[PDB]
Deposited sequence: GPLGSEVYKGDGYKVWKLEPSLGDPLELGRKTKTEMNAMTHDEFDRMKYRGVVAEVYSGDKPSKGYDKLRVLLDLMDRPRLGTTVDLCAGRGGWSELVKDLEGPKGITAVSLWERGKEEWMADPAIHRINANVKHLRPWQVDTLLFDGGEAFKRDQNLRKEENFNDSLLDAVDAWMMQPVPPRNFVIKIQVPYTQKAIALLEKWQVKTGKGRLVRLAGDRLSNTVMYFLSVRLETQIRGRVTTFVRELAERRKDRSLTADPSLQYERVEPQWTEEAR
């Protein structure tokens, strides 16, 4: 249909030439130098609605046994509970703080330590944008390490049938390599940029929809496009 397709709710991202790490660092550098005004112009929980959009993009799959990594205040877990009941949903976070249905089973643990188990659905909403005063590599390394935690859940003998994985910094070499590997492991997976996400971040989501390859070139298109739209939204 005109709805099922796009680029209505996600950006159109065809592969393009270029180095996504260099372009990503470039537009991060540009954004760090913006005035308060420029940055403003460009700039149980809200995640609930976010996941709704994402799960609708995936044609509303049956979720079954679900683990929600970095569950935070619980918007995603609450959405799963409303969709299918509290029986199949497990939330993992370091407890900030739980705003969701208290009947949802929760584990207070660091997702980097916890050994994975077999799930039907894998959710991950970890990641943090760093503020301007830091060396760029600190944000890159922090979010890379977080995604590495997701790797063990993806690479187990029976991988998740559904997954929604947030990629905070999609242009690092490790992020791209991980996404390519999960595509080989699962035979699935597409990286999307939500239309209407803030331009002040670089967030994409890896969804278990039909395989879409050439992730590196599409991340390049995404970072170039993002740099353009950040520039556009300037005074005067």
Deposited residues without C-alpha coordinates, grouped into stretches that follow sequence order: 1-5, 49-61, 114-117, 259-277
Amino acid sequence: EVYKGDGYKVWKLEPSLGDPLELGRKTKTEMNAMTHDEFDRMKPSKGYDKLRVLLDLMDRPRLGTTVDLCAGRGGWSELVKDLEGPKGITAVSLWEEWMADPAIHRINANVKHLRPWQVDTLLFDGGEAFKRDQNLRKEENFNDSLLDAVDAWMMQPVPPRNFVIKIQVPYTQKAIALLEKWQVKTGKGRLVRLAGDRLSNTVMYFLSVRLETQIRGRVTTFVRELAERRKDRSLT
From here on, numbers count along this sequence of modelled residues.
Cross-entry absence of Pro44, a third or more of other PDB entries: yes
Unmodelled in at least a third of other entries of this protein, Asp82: no
Residue stretch of maximal mean CA temperature factor, 9-17 vs 212-220: 9-17
60-68 set against 202-210, stretch whose average Cα temperature factor tops the other in the entry: 60-68
Identity of residue with top Cα B-factor, from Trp76, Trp153, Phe142, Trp98: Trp98
Maximum C-alpha temperature factor, selected from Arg52, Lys188, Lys181, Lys43: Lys43
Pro160 CA temperature factor, ranked by third within the chain: middle
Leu123, C-alpha B-factor rank within chain (lowest, middle or highest third): lowest
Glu225 by Cα B-factor - lowest, middle or highest third of the modelled chain: middle
